[PDB]
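Encoded as structure tokens, the structure appears first; notes follow it.
There are 2 protein chains.
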Amino acid sequence: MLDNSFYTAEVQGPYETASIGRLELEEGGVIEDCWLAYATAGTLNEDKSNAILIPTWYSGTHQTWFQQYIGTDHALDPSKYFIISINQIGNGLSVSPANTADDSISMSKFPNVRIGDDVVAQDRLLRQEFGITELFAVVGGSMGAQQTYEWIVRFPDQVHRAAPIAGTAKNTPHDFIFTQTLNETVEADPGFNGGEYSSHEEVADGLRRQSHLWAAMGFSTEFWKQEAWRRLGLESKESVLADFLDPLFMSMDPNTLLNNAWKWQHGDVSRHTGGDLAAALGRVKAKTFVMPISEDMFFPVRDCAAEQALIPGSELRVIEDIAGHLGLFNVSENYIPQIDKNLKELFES
Amino acid sequence: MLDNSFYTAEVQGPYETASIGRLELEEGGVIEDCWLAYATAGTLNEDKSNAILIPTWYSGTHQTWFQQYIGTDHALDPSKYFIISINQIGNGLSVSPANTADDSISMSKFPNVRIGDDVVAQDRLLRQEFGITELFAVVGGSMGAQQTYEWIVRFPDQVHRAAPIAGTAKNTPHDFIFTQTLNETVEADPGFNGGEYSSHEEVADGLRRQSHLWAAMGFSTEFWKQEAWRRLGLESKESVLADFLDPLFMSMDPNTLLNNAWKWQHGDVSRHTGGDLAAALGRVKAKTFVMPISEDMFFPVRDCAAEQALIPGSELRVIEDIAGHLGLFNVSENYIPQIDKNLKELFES
Ligand SMILES: [Cl-]
Ligand SMILES: [Cl-]
Ligand SMILES: [Cl-]
Ligand SMILES: [Cl-]
Ligand SMILES: [Mg+2]
Ligand SMILES: [Mg+2]
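Chains A and B, in that order, are what the protein sequence lines are. Just so you know, we're using the entry's author numbering here: the first sequence kicks off at 1 and counts up by one. Just so you know, we're using the entry's author numbering here: the second sequence kicks off at 1 and counts up by one.
Structural data, given as structure tokens:
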């Protein structure tokens, strides 16, 4: 076990943990004690029919959702819904390479986990802890959208509404390559020590490089050209890196990123239907709003629109944001208003 | 001095070298013996009025131009024009960090060179070796386009026609950041040794990582999604890296790449007019066809269209290509026909 203050309640906000027991992974690995970190708001009604699940994204947790997306002034309204965010396996809050007490899967021995494993694990947690057998909606961004897609394909009758924001049901070759460069730059740091480092601070250079890779692909050319980063209260593009992006990624655990990156790379709901993507998305019964971000460079509108065309009864709702993919962080004035408007209309479906 | 077979006439095709003497650089540095590598096709006529200059791009030489762009079936017709490509200072063929006999500027001591320094050096070479004082056309791609823009702003009366392909006159913040990630991944290789390596093979990992960065930003999402690389005779996306892109970049000299990358980052014709880009491009007298590639991710059409609007008498001629920026390599079936049509129309003006 490693000590990283970033993966604590003080930084991420309060959360709970619960073990679902033994989890056999699709790739063949086993997590004997699979425990998950989750945070909730609101109250489950009598029929337990008002639950909303929020999967977390790469390098993220439940934090951004409770801070930016959730509130009585938002669509994700805790006065109406039992809202629960369940942290990804390996994401640093749930059972992960650097926090597991199981030596057989500690650090560099931690097994490959697929999107499918998270969804199975989440289903078990919801049933075990809350007796939730159906979800009012599943809402997630990026990797959270991947998990959202996996939910409505794997358990079609258990989800009534779906909001995959800025993500795809089947990972594309370009996205795969992009994520590979993220992995390569962390592994390139000699402090990484093959994933058996004594502290994340030893991989600071690798993590800083990944941040700069996110600066290049995570926003847009116009974001930088128009200096939209000024609404962060910063005075130079170099400051955006040095005082915001870099400290964020340098706070994270390398093995957590590498694990979740592998999961991200291999996201594919067509595994359920022999590689037939149309057949997989054809299984969807949840009312689905596909919501890409306009300037997203690696989850572009055309990729999400192509998948939306395969989902029966679905709608395409483009989120306009100059900040591209990292608009998920809510760095633009009209981001949350667009999210709230679309989610409200979805929740009325 | 280092021996690298990649930087020879055998690999790049026949060329010559000539010294233009002492060159004082804009950044304050000095190249006492500034010699340039150049390649020609065709014959300069009596009044020296049929000369076309082709600046070279990052990591490239005259090779791709003579192989893909030049011929009697092309607009760049050697039976009509004296076509001369002059290699960038520091590009491995011209005087460079790894080939200079001047120890004071060898390897990590090699000074910062700007686009403006190249254009001054080229003007001198043309005047000195051929008595050329005016150019029928200047044609260049990417960094070659930057040099093209610098030519028509710095020496407005010396260029009759200009064809900046896939490049801008003043570099944008996003492009700067992208190029920074290229430099960082080379510098991250411990074999680089602060630019004092004994062989480029010692920086193989760094060069390979940069190749993968080019895979992510140098094409487009659709290029990979449609597997457009299959018409290159490659059978997997992994092969595109391992069998085409990686061996190419692993053949190159790190100090050459870093030098030309710095040059690329700081390209700015507005230096001539106190930072006023509109005033700089307002000087242009050459008939100019601004030709961005439709899917170019870091020299996007909107960036080039914005600049074309400031150049009097110019036209915007978008090149449609799924391959994005690296469409410059001529990897698409309809690339050269678009280039030829536009250039012929330019040359007929
Ligand atoms: Cl993500
Ligand atoms: Cl978060
Ligand atoms: Cl270039
Ligand atoms: Cl070349
Ligand atoms: Mg709020
Ligand atoms: Mg030809």
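Ideal Cβ positions, reconstructed from N, Cα and C, are used throughout, including at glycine.
Against chain A, with Cβ distances strictly below 8 Å, would residue 215(B) count as a contact?
By this cut-off, residue 215(B) is an interface position.
Using alpha carbons as the reference points, say which of 13(B), 98(B), 80(B) and 149(B) lies closest to residue 277(B).
Nearest of 13(B), 98(B), 80(B) and 149(B) to residue 277(B), Cα basis: 149(B).
Range covered by the alpha helix (DSSP H) that runs through residue 19(A):
Segment 16 to 19 is the beta strand (DSSP E) holding residue 19(A); no alpha helix (DSSP H) there.
Enclosing beta strand (DSSP E) for residue 85(B) [first to last residue]
For residue 85(B), the enclosing beta strand (DSSP E) has its first and last residue at 82 to 86.
Going by the CB atoms, is the gap between residue 112(A) and residue 27(A) shorter than 8 Å?
Result yes, Cβ atoms of residue 27(A) and residue 112(A) sit closer than 8 Å.
Between residue 184(B) and chain A, is the shortest Cβ-Cβ distance under 8 Å, so that the two count as touching?
Chain A places a beta carbon closer than 8 Å to that of residue 184(B), counting this residue as a contact.
Option nearest residue 192(A) by Cα separation, candidates 81(A), 206(A), 5(A) and 341(A)
Nearest option by C-alpha distance: 206(A).
Cβ-heavy atom distance, residue 71(A) to ligand 5, below 7 Å
Checking every heavy atom of ligand 5 against the Cβ of residue 71(A), one is found closer than 7 Å.
Using a Cβ-based criterion (distance less than 7 Å to any ligand heavy atom), does residue 61(B) qualify as near ligand 8?
Because ligand 8 does not appear in the structure shown, any question about it cannot be addressed here, the ligands present being ligand 1, ligand 2, ligand 3, ligand 4, ligand 5 and ligand 6.
Taking residue 140(B) as part of the beta strand (DSSP E), name the residues at either end of that continuous run.
First-last of the beta strand (DSSP E) with residue 140(B): 137 to 141.
Cα-Cα separation between residue 275(A) and residue 309(A), rounded to whole angstroms:
So the two alpha carbons sit approximately 17 Å from each other.
Please report the straight-line C-alpha distance between residue 70(B) and residue 266(B), rounded to a whole angstrom.
When only Cα atoms are considered, residue 70(B) and residue 266(B) end up about 29 Å apart.
Please tell me whether residue 262(B) has its Cβ less than 8 Å away from any Cβ of chain A.
Chain A contact via Cβ: absent.
Cβ of residue 250(A) versus every heavy atom of ligand 1: is any distance shorter than 7 Å?
Residue 250(A) has its Cβ no nearer than 7 Å to any heavy atom of ligand 1.
Looking at residue 76(A) and residue 219(A), is the spacing between their C-beta atoms short of 8 Å?
Cβ atoms of residue 219(A) and residue 76(A): not closer than 8 Å.
Would residue 350(B) and residue 122(B) be called neighbours here (beta carbons separated by less than 8 Å)?
Summary: the structure shown does not reach residue 350(B), with chain B confined to residues 1 through 349, and so no result is reported for it.
Straight-line CA distance for residue 55(B) to residue 37(A)?
For residue 55(B) and residue 37(A), the distance between alpha carbons rounds to 57 Å.
Given residue 215(A) as reference, the closest of 178(A), 96(A) and 85(A) once Cα atoms are compared
Minimum Cα-Cα distance from residue 215(A) among the listed residues 178(A), 96(A) and 85(A) corresponds to 178(A).
Distance check for residue 108(B) and residue 284(B), CA to CA, integer angstroms please.
Going by the C-alpha atoms only, they are around 37 Å apart.
Give a yes or no on whether the minimum CB-CB distance between residue 266(A) and chain B is below 8 Å.
For residue 266(A), not one C-beta of chain B is nearer than 8 Å to its own C-beta.
Any chain A beta carbon closer than 8 Å to residue 292(B):
Not closer than 8 Å to any Cβ of chain A, the Cβ of residue 292(B) fails to qualify, so no.
Per DSSP, what kind of secondary structure is residue 107(A) in: helix, strand or coil?
Reduced to three states, the DSSP call for residue 107(A) is helix.
Residue 174(A) and residue 289(A): beta carbons closer than 8 Å?
Taking 8 Å as the Cβ cut-off, residue 174(A) and residue 289(A) do not qualify as a contacting pair.
Assuming residue 335(A) is part of the beta strand (DSSP E), what are its boundary residues?
From DSSP, residue 335(A) is part of no beta strand (DSSP E) but of the alpha helix (DSSP H) over 335 to 347.
Provide the residue(s) that pair with residue 289(A) in DSSP beta bridges, ordered along the chain.
Looking at the DSSP assignment, residue 289(A) forms a beta bridge with 315(A).
Would the segment 233 to 253 of chain A count as touching the segment 335 to 346 of chain A if we require 3 or more Cβ pairs under 8 Å?
The segment 233 to 253 of chain A is not in contact with the segment 335 to 346 of chain A.
Range covered by the alpha helix (DSSP H) that runs through residue 124(A):
Note, residue 124(A): alpha helix (DSSP H), 115 to 130.
Where the alpha helix (DSSP H) through residue 302(B) begins and ends
It spans 301 to 308 - the alpha helix (DSSP H) in which residue 302(B) sits, taken as one unbroken run.
Using a Cβ-Cβ cutoff of 9 Å, what residues of the segment 225 to 253 of chain A are near chain B? List them in chain order.
If the cut-off is 9 Å between Cβ atoms, the segment 225 to 253 of chain A has 225, 227, 237 and 241 near chain B.
Rounded to whole angstroms, what is the Cα-Cα separation between residue 88(A) and residue 194(A)?
If you take the alpha carbons of residue 88(A) and residue 194(A), they lie about 23 Å apart.
Give me the residue from 50(B), 210(B) and 225(B) with the minimum Cα distance to residue 80(B).
Closest by C-alpha distance to residue 80(B), out of 50(B), 210(B) and 225(B), is 50(B).
Buried or exposed: which applies to residue 10(A), given that a residue is buried once 16 or more other Cβ atoms fall within 10 Å of its Cβ?
Within 10 angstroms of the beta-carbon of residue 10(A) lie fewer than 16 other beta-carbons, which makes it exposed.
Limits of the beta strand (DSSP E) - the one that residue 53(B) falls within
Annotation for residue 53(B): the continuous beta strand (DSSP E) segment containing it runs 51 to 55.
Measure the alpha-carbon distance for residue 339(B) versus residue 306(B) and round it to whole angstroms.
Approximately 21 Å, taken between the alpha carbons.
Helix, strand or coil at residue 153(B) [DSSP, three-state]
Residue 153(B) falls in the helix class under three-state DSSP.
Once the 5 residues before and after residue 234(B) are set aside, which same chain residues still bring their CB inside 7 Å of it?
Around residue 234(B), the same chain offers 240, 243 and 244 as residues with beta carbons nearer than 7 Å, after the five sequence neighbours per side are excluded.
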